[PDB]
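Take a look at this one chain, the form deposited in one PDB entry, written out in structure tokens.
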């Protein structure tokens, strides 16, 4: 097997529309935001403009191959893969993807998709000039899949030294809520960005 063969098969056989549920268990999706820049902040309107790398990760065994005398990994266009329908609940602009839309696929079916995204959010900007800082919370989950089809889970350093802002702390936490309407839990990852102006 060479790269050409692996990518040929992936393209011919993968079903982007089909969630790779294994066994009627949820697909375990891991999400982790690496903040790169805070670009525009408005304490009056409570709106932030952020650049982050959305480290996403999951498994699709229909992509697997025997890497015996073969590449262990390939880069694959995401249009040829199933991808989690993740959305930020408090986003107020379309996610503007800044990077090549490729995912990294390992021979066992592990997939890493880490786009660089610029997006605006509605969050708490109060205290951004305070030393103690503002804390902006961003919630990311599947837009249409519930906890038994997709589970989301969590997993400062790549942040721009030239930003007008700096990061005090970032915490990532998972919410699971059960409602009266529905028998299923809804999962999201809440990312708390503690930042202030320099």
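For clarity, a rigid core is taken as the largest C-alpha set superposing within 1.5 Å between two forms. Shifts are known only where both forms have a C-alpha. Positions refer to the first chain, counted from 1.
Below: the form deposited in another entry, not depicted.
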Establish whether a shift of 2 Å or more occurs at the C-alpha of residue 16 between the shown form and the other one, with the two forms superposed on the rigid core. no
Superposing on the rigid core, I want to see if residue 190 changes position between the shown form and the other one - specifically a Cα shift of 2 Å or more. no
Core-aligned, C-alpha shift of at least 2 Å, runs of at least 3 residues: can you list them between the shown form and the other one? 177-185
